[PDB]
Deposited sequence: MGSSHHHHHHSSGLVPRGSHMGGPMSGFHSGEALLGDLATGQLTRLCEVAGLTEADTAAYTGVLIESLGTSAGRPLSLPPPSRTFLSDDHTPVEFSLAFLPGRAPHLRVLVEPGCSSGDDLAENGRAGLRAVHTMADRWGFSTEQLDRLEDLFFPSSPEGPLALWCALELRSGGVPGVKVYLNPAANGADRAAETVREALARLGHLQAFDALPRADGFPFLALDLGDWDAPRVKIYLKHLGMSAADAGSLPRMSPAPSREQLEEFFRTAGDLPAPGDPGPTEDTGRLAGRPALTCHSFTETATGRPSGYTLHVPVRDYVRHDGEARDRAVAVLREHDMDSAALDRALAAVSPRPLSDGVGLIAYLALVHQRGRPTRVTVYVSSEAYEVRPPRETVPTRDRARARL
């Protein structure tokens, strides 16, 4: 009945799917509760603590599973740690930074890149749609990977490009901005914190009206991802033979080194929840993509039931996004983003225009 208890239960069942030990599960449920602050004790009969853009129903929690062939999926959880401060973006951001720095102190990792950017992304009177989200990679051992998401539009949407360019310059990526493809917006900048072999600075781009061919041509990494695989993924996720006309697809461009001046990674994010009548269809598309890339779709079916007992066709939005992930020298990866639905289940649609 409480927000933290629903989220804890969902995470526990997902940890089972990920094959984590009971010890690691208990550790990470505790981390999740800490991340939610006072909102963890919030009755679900009351409104969401914030009008957060993290999920459609404003649950300040979202899960995702990263699939590799011949492996259990990697489990991650995204949270808005300052959600108890509500829609006061300045205080929301301050509270989120405090939670990240508490994690950093606990697990002994650097916030140098983040502190270098703080003044750019946390001005006195910030604009929306977010201040700070944090994703935890729930690794065996109980020490998670930490990822922080910041708002390029914190200084106004018309200054988002300016903010991203200055951020990349401060991080030593002096060619990265000009290497990006053109876009219709800059929804997020993200950083890898903690133990990472090659920590990324990730630039997310919004594209209105993307086609399947666009999806395969937007990469800027070397080596170039297979265009055919990207077009097929886009068509499957959007059910096309055709442009993604509603919720726009996103691309994410990861920079791990400064020598090439170009990204080392490319991810295509498709908001499948706006292109299906209900989650029965979104699940069908998800398992098709997983099976195309030799990943265990049965684990996804178990993950959906772990998050929600409802019939898939009774609503839409449980599967929020599908993503195809390319990273230099790493195997191709598929990520499924799964909603908590703590506050509402969106009704099925009778058609998709």
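S.K.: Extract from the deposited sequence all ranges with no corresponding C-alpha coordinates, numbering residues from 1.
M.R.: Missing from the model are residues 1-32, 274-284, 397-405.
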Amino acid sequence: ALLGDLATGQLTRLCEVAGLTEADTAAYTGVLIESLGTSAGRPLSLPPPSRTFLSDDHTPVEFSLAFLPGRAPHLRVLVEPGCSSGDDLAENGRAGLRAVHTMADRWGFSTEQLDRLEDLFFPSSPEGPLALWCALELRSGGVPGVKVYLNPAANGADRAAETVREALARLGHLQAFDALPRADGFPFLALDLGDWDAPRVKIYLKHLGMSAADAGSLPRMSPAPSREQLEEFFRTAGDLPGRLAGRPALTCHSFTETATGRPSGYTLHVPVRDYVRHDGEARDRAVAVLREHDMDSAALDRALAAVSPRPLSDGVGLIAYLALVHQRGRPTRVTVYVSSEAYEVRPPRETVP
From here on, numbers count along this sequence of modelled residues.
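S.K.: Looking at the entry, does 200-208 or 71-79 show the higher mean C-alpha B-factor?
M.R.: Result: 71-79.
S.K.: With reference to the PDB entry, specify whether the mean Cα temperature factor is higher for 28-36 or for 295-303.
M.R.: Higher of the two, by average CA B-factor, is 295-303.
S.K.: Sorting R283, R273, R182, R243 by Cα temperature factor from the record, which one lands on top?
M.R.: Highest CA B-factor of the listed options: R243.
S.K.: Which one of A342, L11, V334, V17 shows the biggest C-alpha B-factor in the PDB entry?
M.R.: Max CA B-factor in the entry, restricted to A342, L11, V334, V17: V17.
S.K.: Per the entry's values, where does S50 land by CA temperature factor relative to the rest of its chain, in the lowest, middle or highest third?
M.R.: Middle third of the chain for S50's C-alpha B-factor.
S.K.: Based on the entry's values, in what third of the chain does the Cα temperature factor of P309 lie: lowest, middle or highest?
M.R.: As the PDB entry reports it, the C-alpha B-factor of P309 lands in the highest third of its chain.
S.K.: Would you check the entry's CA temperature factor for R165 and let me know if it's in the chain's lowest, middle or highest third?
M.R.: Answer is middle: the recorded C-alpha B-factor places it there.
S.K.: Please rank the C-alpha B-factors of the chain's modelled residues and tell me whether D239 sits in the lowest, middle or highest third.
M.R.: As the PDB entry reports it, the C-alpha B-factor of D239 lands in the highest third of its chain.
S.K.: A259: which third of its chain by C-alpha temperature factor?
M.R.: Highest third.
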